[PDB]
């Protein structure tokens, strides 16, 4: 069902849907691991399905239609605690590469594509534990796709080799993120 921001469980999967207060986003949970997000002139939002908590060796499958009209990402996305980290394995994006301006740390090949690795820092920003400063880890896929499998271990191991360690996992989902844009997406996670 179409819902406002919140977290919970639906048909066997964790979901998290968050936004910055701006309207324009229609997030809907569907059967199994399916969710859809249609947005018209949104602000910033992040929504999708997966697991709570995630694991450091999960092989995540996703498939669907991803039609961004501007700034948007399609990522395996999640958090850890101690250390507090917000991480992304970006499988597809719209008009803006999330690593723009970030210092590249390395490359890793996984599931049919090379990925470029980066670390960024969020200062005094919202997080799963409230206002906080924390690092973000990024693997950005060079060959964009809207369906496939992601062996998270390949990315977590590659990050670890660059000194990017993860704490105790919190949630782990496939998320559609948007930033003051429009678009449509329907994704099934497993």
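Residue numbers count along the first chain shown, from 1.
- Annotation for 162 to 170 versus 7 to 15: the higher mean temperature factor (C-alpha) is found in 162 to 170.
- In this entry, 61 to 69 has the higher mean Cα B-factor, the comparison being between 44 to 52 and 61 to 69.
- Looking only at 34, 136, 143, 152, the residue with the top Cα B factor in the deposited structure is 143.
- Sort the chain's modelled residues by C-alpha temperature factor and residue 28 lands in the lowest third, per the entry.
- Annotation for residue 1: CA B-factor lies in the highest third of the chain's modelled residues.
- The deposited CA B-factor of residue 96 belongs to the highest third of values across its chain.
- When the CA B factors of the chain's modelled residues are split into thirds, the value for residue 186 lands in the lowest one.
- In the PDB entry, a CA B factor belonging to the highest third of its chain's modelled residues is recorded for residue 103.
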